[PDB]
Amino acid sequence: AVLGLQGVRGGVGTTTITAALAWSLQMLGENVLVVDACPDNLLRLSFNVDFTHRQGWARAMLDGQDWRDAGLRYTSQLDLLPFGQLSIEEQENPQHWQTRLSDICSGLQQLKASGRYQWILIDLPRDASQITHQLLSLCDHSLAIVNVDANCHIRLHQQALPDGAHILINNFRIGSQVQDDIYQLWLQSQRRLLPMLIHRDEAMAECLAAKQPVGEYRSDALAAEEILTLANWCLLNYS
């Protein structure tokens, strides 16, 4: 199954959850490929990839090379395909390359048809570029990552999500009355809300600094257990 993870806004924890969900699927005995579709190229850093390692699927395409030679093996069950490092000029001119990357959809379509992986997780950026909509079309299911706050609450009433997307709460915290009011409102009104959420957790803040997925960094962390619950739900509902 091809699963897209995309934040309803930036910074809600999409990348950390993607790496963690991939680790949990492996722990459940699954073969997983993780693809970084974000030009920030941060997913690789949850997998001990050196910051100076610039290779990636988009870096390869723009250099006229085979994107299939830019993948990395993390474990025997978990492969990683970083986006690649863009130069400052490329970062500040997305219109130069956001249309040159259409071959990745064909390439991921072949990979999907081969059944080489049981799961392909795509970390998708918060934009509406051509390449982002193209990768979303390959997904069989999608998760919309939110935080429970007034910002996300407004966005759910005005911006479109992928069809059939389910909403996943991250960063649930103690000490916020307004968050609890919004959350209780969501429990009665948001039809596509997932029955489990992820709390704010020190392990989720440290695992990126240790360059590991949270399940590998602290297997008994509460957030690691919450992600494992999500992985079990995906096995049952997103197969």
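Residue positions are given as counts along the sequence shown, with the first one as 1.
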- Note on the structure: Higher avg CA temperature factor (160-168 vs 115-123, as deposited) belongs to 160-168
- Task: May I ask you to compare 13-21 and 227-235 by their mean CA B factor in the entry and name the higher one?
- Result: 227-235
- Looking at 41, 176, 46, 184, which has the biggest Cα B factor in the entry? 184
- Among 144, 104, 150, 81, which carries the highest Cα B-factor? 104
- Task: Compare the C-alpha B factor of residue 56 with those of the other modelled residues in its chain, then answer lowest, middle or highest third.
- Result: middle
- Message: When the deposited Cα B-factors of this chain's modelled residues are ordered and cut into thirds, is residue 62 in the lowest, the middle or the highest one?
- Response: highest
- Message: Taking only the Cα B-factors deposited for this chain, tell me whether residue 180 sits in the lowest, middle or highest third.
- Response: middle
- Using the B-factor values recorded in the entry, state whether the Cα atom of residue 192 falls in the lowest, middle or highest third among the modelled residues of its chain. highest
- Message: Split into thirds by Cα B-factor across the chain's modelled residues, where does residue 211 land: lowest, middle or highest?
- Response: middle
